[PDB]
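Trainee: first chunk of the complex, coordinates as they sit in the assembly:
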Amino acid sequence: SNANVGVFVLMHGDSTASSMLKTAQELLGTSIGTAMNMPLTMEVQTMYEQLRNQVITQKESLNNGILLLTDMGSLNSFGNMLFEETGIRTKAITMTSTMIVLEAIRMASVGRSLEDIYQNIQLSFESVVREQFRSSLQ
């Protein structure tokens, strides 16, 4: 009920997820959020099981839902998979960049809801779509 939203950052490669999270954490002075890197030799199912296992452990601290921030590929499917398996409300967002991790952790750490965080992140993506749109014009 007063749990902060749980933020998990999952990305392809050796240290993208963890390095992006470290950046946000150092900018905000917080240690909340969890990063997991999927190196190229690791099967997608193996990664899901890493995430699911930690989620299951911390179930009682994840009363206000989970936000999965991913880059690409199969990883977004984990959001619905976790909800189906654990019943914990999950939103998943692809194409995650440093700013998005930063904004997710900042809002999570001050107790904003999963829905409020998801909406603000959508607005950030929309701002960028528009900035890019305007740049393509010239």
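Mentor: Everything's here; your move. Numbering: from 1, shown residues only, chains lettered A, B, ... in the order given.

Trainee: center of chain A, which residue is that?
Mentor: Centroid check for chain A by Cα atoms, centre = their mean gives residue A:69 as the closest residue, at 2.3 Å.

Trainee: and stretch A:20-32, what's buried?
Mentor: By 16 or more other Cβ atoms under 10 Å, the buried positions in stretch A:20-32 come out as A:20, A:21, A:24, A:25, A:32. Where C-beta positions appear, they are placed from N, C-alpha and C, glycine not excepted.

Trainee: list the contacts of the top strand by length along chain A.
Mentor: In chain A, taking DSSP state E as the definition, the longest strand is strand A:6-12. When contacts are defined by Cβ atoms under 8 Å, 6 or more residues apart in numbering, strand A:6-12 is touched by residues A:17-18, A:20-21, A:32-38, A:40, A:47, A:51, A:54-55, A:58, A:61-62, A:65-73, A:75, A:78, A:96, A:101, A:104-105, A:108.

Trainee: chain B comes next; put it on the structure above:
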Amino acid sequence: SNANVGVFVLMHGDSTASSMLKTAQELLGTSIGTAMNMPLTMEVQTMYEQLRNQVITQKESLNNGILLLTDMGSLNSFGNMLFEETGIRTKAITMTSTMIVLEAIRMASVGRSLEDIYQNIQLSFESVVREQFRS
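Mentor: Below, chain B sits with the chains from the block before:
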């Protein structure tokens, strides 16, 4: 006529840029592209000079232009600044993630033009955003 577009990945953190670049290079079997990890202690001007310094030592290898893939605000001015200073055509994409680096590196390595790469990445980025937030 033959230069590949030079792709530069500039990200905040210990290994964000280099990790994304390595993922792309390994997935694609190519060694092209430059990553520059910017630590939080580094000044904006130092970051800029790091980029500019490499660029101007390899001008002819960049004569088909430069694509900067960046994350955060301060880096977002570097494209126009680099172009103004060097005259080498530069495009820049913010909110860079793994798939942005992947497709930029894939296109550059097969000899796609700057305008084409930039166009296609922006179109893909918008498509995925719209599908993500659809329902």
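
Trainee: quick recheck of the buried residues of stretch A:20-32 now chain B is there?
Mentor: By 16 or more other Cβ atoms under 10 Å in any protein chain shown, the buried positions in stretch A:20-32 come out as A:20, A:21, A:22, A:23, A:24, A:25, A:27, A:32.

Trainee: check the secondary structure at the fourth one for me.
Mentor: It stands for residue A:23. Classification of residue A:23 by DSSP: H, G, I helix; E, B strand; the rest coil places it in helix.

Trainee: quick one: residue A:47 and residue A:38 touch, right?
Mentor: Yes: Residue A:47 sits in contact with residue A:38 when judged by Cβ atoms under 8 Å, with a separation of 4.6 Å.

Trainee: shared neighbours, those two?
Mentor: A:10, A:75 (Cβ atoms under 8 Å, 6 or more residues apart in numbering or on different chains).

Trainee: run the angle between the longest strand of chain A and helix B:98-109 for me.
Mentor: With axes from the mean of the first three to the mean of the last three Cα atoms, to 10 degrees defining the directions, strand A:6-12 sits at 20 degrees from helix B:98-109.

Trainee: strand A:6-12 vs chain B: in contact?
Mentor: Yes: residues of strand A:6-12 contacting chain B under Cβ under 8 Å from any Cβ of the partner chain: A:11, A:12.
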